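Take a look at the structure below.
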Amino acid sequence: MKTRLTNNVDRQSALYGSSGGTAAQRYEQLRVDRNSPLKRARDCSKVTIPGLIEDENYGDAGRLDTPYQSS
Amino acid sequence: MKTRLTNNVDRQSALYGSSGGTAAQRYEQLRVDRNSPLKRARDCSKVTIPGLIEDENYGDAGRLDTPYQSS
Amino acid sequence: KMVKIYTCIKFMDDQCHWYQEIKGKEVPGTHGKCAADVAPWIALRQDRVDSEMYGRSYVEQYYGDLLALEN
């Protein structure tokens, strides 16, 4: 149906096409550099709050552990 | 686009030319003198706040260390 | 079953631009345009550490002490 995730306050006509690659290719290119900070954030979250930032395979049927300090 | 990193309040015509070398050469000449205080500042930062002043190869994908005191 | 949907953002001539695409072709009516000073997208980072595409979380400062106390 109506895919409306963006407001219609500044909507306009078509101004750019596919002049060079697709957004999927750029996303796949940039995830390589994005990798490490995600790992750091995931480790920090695991040590502070077990289930805030999650692994891609710990969703509907994932189990979270608990730390031995609540500071 | 428009490179405006300087204000447009005292802008004038071209009054200074290339009379002797380029600013890159002067910068390369003076970096030798600038070296040591950078090292002192870097070590002080490392002992006080690990990631404030960084080396040129500890940016996008570098990891910092944490001290054993918070004074 | 789900279907992936992407979004692209380009910043130039202080005029941000965006559009939505699915399976390699843009979705009609999803275009937009506005000045950079009134952009709808805002990027943040905790500690301003220069020459880094991603910042450092605050808890990274005391991650080591947290781990030691836990153990």
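FYI the Cβ positions are ideal-geometry reconstructions off the backbone, even for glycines, and counts take in every protein chain you see. Here, each number is a calculation from the coordinates, and none is a lab measurement.
Odds and ends about this structure:
- Residues whose placed amide H lies under 5 Å from that of C:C34, excluding near-sequence neighbours: C:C16
- At most 11 other Cβ within 10 Å, DSSP loop - chymotrypsin sites (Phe, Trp or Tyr not before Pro), chain B: B:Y16, B:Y68
- Taking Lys and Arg as +1 and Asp and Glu as -1, the other residues whose beta-carbon sits under 14 Å from that of C:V3 total +3.
- Under a Gaussian network description of chain B, with springs only between Cα atoms under 10 Å, the residue in B:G20, B:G51, B:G59 that fluctuates furthest is B:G20.
- Across region B:13-22, computed HN-Hα scalar couplings (Karplus, 6.51 cos²θ - 1.76 cosθ + 1.60, θ = phi - 60°) run 8, 6, 9, 10, x, 9, 6, x, x, 10 Hz from first to last residue, x flagging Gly and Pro.
- Residues A:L5, B:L38, B:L15 arranged by fewest to most Cβ contacts within 10 Å: B:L15, A:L5, B:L38
- Euclidean distance of C-alpha centroids, region B:1-30 and chain A, integer Å: 43
- Taking Cα atoms only, the orientation of helix A:23-48 departs from the longest principal axis of chain A by about 20 degrees.
- Other protein chain C-beta atoms within 10 Å of residue C-beta, averaged over B:26-36: 0.
- Backbone amide hydrogens, once placed in the peptide plane, bring C:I22 within less than 5 Å of C:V27, excluding anything fewer than 5 places away on its chain.
- Qualifying trypsin sites (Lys or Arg not before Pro) in region A:2-40, DSSP loop, other Cβ atoms within 10 Å at most 16: A:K2, A:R4
- Averaged over the residues of C:17-26, the number of partner chain Cβ atoms lying within 10 Å of the residue Cβ comes to 4.
- Burial ordering of C:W41, C:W18, fewest other beta-carbon atoms within 10 Å first: C:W41, C:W18
- Overall form of the protein assembly as shown per C-alpha gyration tensor (a/c, 1.5; a/b vs b/c): oblate
- Cβ neighbours within 10 Å from other chains - mean over C:45-58: 5
- Per-residue Cβ neighbour rank within 10 angstrom, fewest leading, B:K46, C:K33: C:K33, B:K46
- Relative contact order for chain C, counting Cα pairs under 8 Å that sit 6 or more residues apart, in percent: 18
- For B:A24, the point set 7 Å out from Cα toward Cβ sits 4.2 nm from its twins in the other copies, listed from shortest up.
- Counted charge near B:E56, where neighbours are those whose Cβ lies closer than 14 Å (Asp, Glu -1; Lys, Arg +1): -1
- Computed from the C-alpha gyration tensor, the three semi-axes of the ellipsoid equivalent to chain A are 37, 18, 12 Å, from longest to shortest.
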